[PDB]
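Labels below follow one simple rule: chain letters A, B, ... track the order of the sequence lines, proteins then strands, and each chain is numbered from 1.
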Amino acid sequence: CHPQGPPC
Amino acid sequence: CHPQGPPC
Amino acid sequence: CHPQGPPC
Amino acid sequence: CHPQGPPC
Amino acid sequence: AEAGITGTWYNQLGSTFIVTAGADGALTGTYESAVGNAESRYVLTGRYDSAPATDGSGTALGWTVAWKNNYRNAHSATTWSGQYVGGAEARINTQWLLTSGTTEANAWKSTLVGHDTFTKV
Amino acid sequence: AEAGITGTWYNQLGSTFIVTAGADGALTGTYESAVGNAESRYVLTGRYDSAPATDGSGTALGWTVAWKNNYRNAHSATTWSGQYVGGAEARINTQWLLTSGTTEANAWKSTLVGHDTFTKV
Amino acid sequence: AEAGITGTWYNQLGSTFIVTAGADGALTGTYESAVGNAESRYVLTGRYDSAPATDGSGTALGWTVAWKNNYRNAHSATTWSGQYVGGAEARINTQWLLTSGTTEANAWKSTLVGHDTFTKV
Amino acid sequence: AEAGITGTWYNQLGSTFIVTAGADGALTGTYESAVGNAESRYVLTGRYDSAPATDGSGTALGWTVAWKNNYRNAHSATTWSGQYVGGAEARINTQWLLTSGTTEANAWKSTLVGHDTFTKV
């Protein structure tokens, strides 16, 4: 749930 | 025109 | 401890 | 002689 | 380019970035990952090369985003390297490198590589 | 990091870059390729993630250089992604992507990948 | 996988590769770039990991092609690393590295990076 | 090359690989990660381009290792792309891509990139 992925 | 590209 | 690293 | 290489 | 670059871009995963291309090669803006909340907006900064050729070649550029803001610190940074192609269907085709801060023993696995294509639609 | 980053760094090929790490994650400076002439100095801009962990992990960062200045336009841009490690022997270990602007048929071969390690010595 | 992998695959640029996935992880076949002539067929060899997980995960694999055959010697080699995903629309999603033999001074620019997606259609 | 390639190579992290370069571009051998036990030996297969130039250029090659053997299945594969340079201090300089099998949602983070230099010492 790294910020570069979806969502988050 | 390296073999990995198109064409050749 | 993926096999590509040290050790394992 | 791209600027990222040596020299130039 | 420049003018053509300034604006909102969307990639295939749902991220959006808004950028301003300044007269002397600067790129400044924000990258937002999802939801639609301030919490997924991160600062981005980069550069583009402001005198691209006239044989229909793309405009080379790159930018960096450090994944830290006021709601999250993911101890990592991503850089995107690619080129802008304008016209009917303008797009920015990129390849990226994401590095996370690691201990020296885990440094060998600290960087991921991928690609993204951004459009105005 | 931050303070530790600010300064001059040299890589293994003879390039030098001077950078200032600002309080809120900004990296600004110049990259010089060789000779020791204004002509090989290019602007660099990037970001680093300003609250890195406390388990001895590196500080994630990245920067971009567009290869255009007043003496040269190489229609390309390079982004470096990596981490800063301080201490006796501080270094910035990076992997980079260099993209040149191409025509759409040559886009498949527009990006080179490599790595560089920078030291203060 | 294995059975699902064996067969002909096409990428987005017009290349085709035919491969046989053997019981113990081997991949053997030929890669053809274009025209439809023996001259663009090159040997490929690789491996895949023959006991992939059962959470719908892809099958990790990789192969290499040296760009030399009886009509051409391009003094380079390409390796593709990625995963096979089966089903209605099976595909092999890859990232590749192409290295050309260079002199030591040009070694820093000897490797290109890209990506390719192969389908059965 | 060929003859010069055949033999044992060590990288900077402690891994070893033994390879045989066959007359028509084939590379076959085993890669061992550590300890000195059969359990860390994995099959490797690749290719090299057997008629390299005569301007002191390196010999382009590549190989793949699927991380599955009788003691371990790491559901991943690594491909190394680079060139062999002979002489007093022969070395194989490479860049590698390691892909793990993932679910489709995690595919964007399935590949790591790095580099390795192998020597005979």
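- The two atoms that bring E:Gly62 and F:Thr79 nearest to each other are CA-CG2, 3.8 Å, heavy atoms only.
- Using a 30° and 60° split on the angle between ring planes, F:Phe118 and F:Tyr31 fall in the perpendicular class, above 60°.
- In terms of heavy-atom proximity, G:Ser110 sits nearest to G:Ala107 at OG-O, 2.7 Å.
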Checking side chain to side chain contact (heavy atoms under 4.5 Å, CB included) for the pair F:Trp96/G:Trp108: CA distance, chi angles, key distance, verdict? CA-CA 11 Å; F:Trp96 47 265; G:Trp108 72 274; 3.9 Å; yes
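- A donor-acceptor pair under 3.5 Å links the side-chain atoms of F:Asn73 to the main chain of E:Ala51, judged by distance alone.
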Quick one: do F:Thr64 and F:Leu44 satisfy side chain to side chain contact (heavy atoms under 4.5 Å, CB included)? Show the steps, please. CA-CA 6 Å; F:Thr64 301; F:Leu44 79 71; over 6 Å; no
For a side chain to side chain contact (heavy atoms under 4.5 Å, CB included) check, start with the C-alpha distance between E:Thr117 and E:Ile92, then their side-chain angles and the critical distance, and finish with the verdict. CA-CA 6 Å; E:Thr117 295; E:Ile92 296 179; over 6 Å; no
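- Using modelled atom types, one side-chain atom of E:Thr94 and one backbone atom of E:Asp116 make a donor-acceptor pair closer than 3.5 Å.
- Panel note: side chain G:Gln83, backbone H:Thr102; a donor-acceptor pair is recorded below 3.5 Å.
- With E:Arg72 contributing its side chain and A:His2 its backbone, the two residues share no donor-acceptor pair below 3.5 Å.
- Judged by distance alone, the side chain of F:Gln95 and the main-chain N or O of E:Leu97 form no donor-acceptor pair under 3.5 Å.
- With 3.5 Å as the limit, one finds no donor-acceptor pair spanning the side chains of G:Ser40 and G:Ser33.
- Side-chain N/O atoms of F:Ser57 and E:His75 include no donor and acceptor closer than 3.5 Å.
- Atoms CG and NZ, on F:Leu98 and G:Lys109 in that order, are 10.0 Å from each other to the nearest 0.5 Å.
- From E:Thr59, atom OG1 reaches atom OH of E:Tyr48 across 8.5 Å, with rounding to the nearest 0.5 Å.
- Proximity of a side-chain donor or acceptor of E:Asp49 to a complementary backbone N or O of E:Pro52 within less than 3.5 Å is not detected.
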Report the C-alpha separation of F:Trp63 and F:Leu61 in whole Å, then their side-chain angles, then the decisive distance to 0.1 Å, and conclude whether the side chain to side chain contact (heavy atoms under 4.5 Å, CB included) test is met. CA-CA 7 Å; F:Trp63 68 85; F:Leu61 51 71; 3.5 Å; yes
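- Nearest heavy atom pair, residue F:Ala77 against residue E:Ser81, reads O-OG, 3.9 Å.
- In this structure, G:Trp9 CH2 and G:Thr119 OG1 are separated by 7.5 Å, a value rounded to the nearest 0.5 Å.
- Taking the six-membered ring where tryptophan is involved, the planes of E:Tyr42 and E:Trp67 are perpendicular, since the angle between them exceeds 60° and thus also 30°.
- Expressed to the nearest 0.5 Å, how far CD1 of E:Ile18 lies from OG1 of E:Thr8 amounts to 4.5 Å.
- You'll find the side chain of G:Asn93 reaches within 4.5 Å of the side chain of H:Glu104, heavy atoms only.
- The line from OG1 of F:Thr45 to CG of F:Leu27 is 7.5 Å long, rounded to the nearest 0.5 Å.
- Judged by distance alone, with hydrogens and angles left aside, the side-chain atoms of G:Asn11 form a donor-acceptor pair with the main-chain N or O of G:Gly14 at under 3.5 Å.
- Scanning both residues, F:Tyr84 and F:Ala90, for their nearest heavy atoms gives CE1-CB, 4.3 Å.
- Minimum heavy-atom separation, G:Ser100 to H:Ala60: C-CB, 4.4 Å.
- Looking only at distances, a side-chain donor or acceptor of E:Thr6 sits under 3.5 Å from a matching main-chain atom of E:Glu2.
- The closest side-chain donor-acceptor pair between E:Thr111 and E:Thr99 falls under 3.5 angstrom.
- G:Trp80 has its ring centre no less than 6.0 Å from the ring centre of G:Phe17.
- If you check the side chains of E:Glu32 and E:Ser15, you find no donor sitting under 3.5 Å from an acceptor.
- Scanning both residues, E:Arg47 and E:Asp24, for their nearest heavy atoms gives NH2-O, 3.2 Å.
- Between the side chains of F:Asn69 and F:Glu39, no donor-acceptor pair is found at a separation under 3.5 Å.
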